[PDB]
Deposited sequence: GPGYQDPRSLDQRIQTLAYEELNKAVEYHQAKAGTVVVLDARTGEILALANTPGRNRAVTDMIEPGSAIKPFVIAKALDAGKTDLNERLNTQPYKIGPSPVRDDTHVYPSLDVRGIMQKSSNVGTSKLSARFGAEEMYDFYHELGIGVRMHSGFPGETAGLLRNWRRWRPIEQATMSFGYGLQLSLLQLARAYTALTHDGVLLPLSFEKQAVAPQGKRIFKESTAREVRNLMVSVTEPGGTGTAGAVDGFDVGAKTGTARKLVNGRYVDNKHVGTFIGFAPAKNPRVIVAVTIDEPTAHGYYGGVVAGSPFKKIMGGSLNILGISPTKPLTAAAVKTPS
């Protein structure tokens, strides 16, 4: 891509390699976007172009979009406190294993990455509505980069779902997209509600977007996502000194031939900073770590944090909150 900033590209490879080494992973990928122009600033892969070719399950990285849709449609607000106790959809249990609370507001649902809370907000929409929404985010929609072997992704026809499936998709499983498509989705949050096409070319202003959320909604959701990286959140491993950082983790069991394997995992970390006025989106996947854990926060949190901090410095953006270190 001619859009690449070689300084960020260099930083991307170095940090990726360090995480891949430490976790003794099979492979890894980094995408860095300009959060307002959609320019592709870094696109880094261990020795094929996985960022473009490899569809992955987004996991918890999809959850802010469910929350954003619920808020945007007025189906919830910042005052509602939802029951977060376990429940069942037919025989299938849905429960929160991340936290101790029997209820959470939407901020808490975000912070704790609540399955119970997110699935309930998704459930306030019909299956077909949610299918259209995922498609609208670009899921199943080719990017037409021109890169060989590019994936469209996977989005199952809504007529084929079960009620368990809709909830499962609200957790980010059963649907799939490339890391580049996921980073694209995040532009709807960073660019004040407007989904960007992305640009492989230098471009100071994106000329054409597609609104998905109100500005107010996107701003609100960005503010909520800061809870993810602050103490009490599930993404503290991605915290960046001096900045409010909006982020999510992803952890998926790897798919081999239709089905899941219990002992292979893909870990993902994605986010943006500064949260109020985003400069870049940074996305990292670590494929099949075999050392020091496998959770997205555990394997991808550190390289995200270093690529983000390093990128904000390179790009001349200064801290918005007191630094606690150098």
| query | finding |
| --- | --- |
| Missing segments of the deposited chain sequence, listed N- to C-terminal | 1-6, 54, 334-339 |
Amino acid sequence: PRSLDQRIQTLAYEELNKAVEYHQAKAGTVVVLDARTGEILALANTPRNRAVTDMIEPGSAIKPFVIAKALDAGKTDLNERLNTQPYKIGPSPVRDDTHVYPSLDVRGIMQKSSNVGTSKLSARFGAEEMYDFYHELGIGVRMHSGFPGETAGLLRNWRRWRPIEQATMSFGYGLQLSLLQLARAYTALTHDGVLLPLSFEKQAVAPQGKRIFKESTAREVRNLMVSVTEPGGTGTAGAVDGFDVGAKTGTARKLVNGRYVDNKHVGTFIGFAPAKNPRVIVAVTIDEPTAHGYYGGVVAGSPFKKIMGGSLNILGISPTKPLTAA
From here on, numbers count along this sequence of modelled residues.
query	finding
Higher-scoring stretch by recorded Cα B factor average, 129-137 or 96-104	96-104
Mean Cα B-factor comparison, 18-26 or 314-322, giving the higher one as deposited	18-26
Most elevated Cα B-factor in the entry, residues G172, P231, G238, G149	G149
Residue with highest C-alpha B-factor in the PDB entry, from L82, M110, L189, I164	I164
Third of the chain, ranked by Cα B-factor, where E57 sits	middle
Third of the chain, ranked by Cα B-factor, where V282 sits	lowest
CA B-factor ranking of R124, expressed as a third of its chain	lowest
Record-listed C-alpha B factor of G153: chain third	highest
Ranked C-alpha temperature factor of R184 among modelled chain residues, by third	lowest
